[PDB]
Structures are given as C-alpha cells and as structure tokens.
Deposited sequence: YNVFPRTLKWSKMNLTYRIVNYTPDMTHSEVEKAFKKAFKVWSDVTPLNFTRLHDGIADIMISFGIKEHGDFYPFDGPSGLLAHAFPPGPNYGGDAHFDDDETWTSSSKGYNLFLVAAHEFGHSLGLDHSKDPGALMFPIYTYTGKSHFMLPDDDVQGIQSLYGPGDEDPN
C-alpha cells in the first residue's frame, strides 16, 4: 500500500519541460536560454534533472498568454500579476504561465524573464512564497545580475535533498 506524500512534490527526479509558445518581446533563443538557466538554478542544488521536449506532454508546460488563458487565474493586462505556476500534480500541475501583456527582457528593462522564471519554477517544484526578504521565493520582483539565496536552498533541499554536494 501507499499513502499520499507529506508535501506536494514530484516523485521522480527526471523532469521534462516544453516551451509551448513564445513572447513577441524576445527571440526564441533568448527565451530558451532564460528558461534553461532558470531550471539550472534548481538542478544545481538538488538531484533534479530537466530535459526539454519540443512537443507532446511535459511535466512542466510553459506558455505565454493574456487575460483568460485556460485556468482559474486570468491575467490582468499590463502591470499587476506577471506570472504564476502550479504545484507538482497531475495534468496542469507544474505548469508555468507568463502574462504576455508584460514586457519580458534578457536585461534590466521590463521584467527579466530568467529571474521571474527561476521564481515560478520554484512553485512548479513545490515551493510557496517565503517571508525571508532576501529569498528568490519572496513574492516581490527584484532585478540583479545569480546566486540562489540560502532560504531557497534550504527549502528546495527539504523536498528533494541536495543531490551531489560537490
């Protein structure tokens, strides 16, 4: 027999993602690089592995949409809500949605896609918002050139462990 896990987390370490569509704001290449680096933020401190799929059903389906886009969390046009992601689970679980009424960038203008994605993928892996003001999972956007804060390290390792520690 099997009881349900104590916390919402993936039960396998090999996860797949798919970029379903792209923002007008950045090249395909810029978006792919941003997401790849965002996943590496988390794989670097756990045993998780992320492989990209070009079609079909992935564990983490990533898309850009506006207003109503197929869930209970409609976006709201420019400004306000920027993105959201669903906790590990069946079907839409793990999926990450970005509001394409925002301006997404590879730089410090608008919202840096890498940084917001890194935050959203935290949710896709089972992290909620943190009260640690320095945490990646703190619910307020900040821009910098990346090292993952310790609060997020402790959080993600509480779920999946550290993977290779060196």
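- By the record, the deposited chain contains unmodelled runs at 146 to 148, 170 to 171, with no C-alpha atoms placed there.
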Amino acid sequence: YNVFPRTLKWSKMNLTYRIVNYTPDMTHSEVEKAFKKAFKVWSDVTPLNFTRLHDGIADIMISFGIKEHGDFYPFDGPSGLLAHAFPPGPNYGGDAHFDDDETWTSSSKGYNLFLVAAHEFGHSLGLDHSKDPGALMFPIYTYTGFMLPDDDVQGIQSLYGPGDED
From here on, numbers count along this sequence of modelled residues.
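- Among the other PDB entries of this protein that were compared and that flank it with modelled residues, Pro24 is modelled in all, so it is never left out in a third of them.
- Among other compared entries that model residues flanking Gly155, every one gives it coordinates, keeping it clear of the one-third cutoff.
- When 20 to 28 is weighed against 6 to 14, 6 to 14 comes out higher, by mean CA B-factor as recorded in the entry.
- Here the stretch with the larger average CA B-factor, out of 43 to 51 and 119 to 127, is 43 to 51.
- Highest CA B-factor among the listed residues (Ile66, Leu136, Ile62, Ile57): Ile57.
- When the modelled residues of the chain are ordered by C-alpha B-factor, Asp99 sits in the lowest third.
- Among the modelled residues of its chain, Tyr73 has a C-alpha B-factor that falls in the middle third according to the deposited record.
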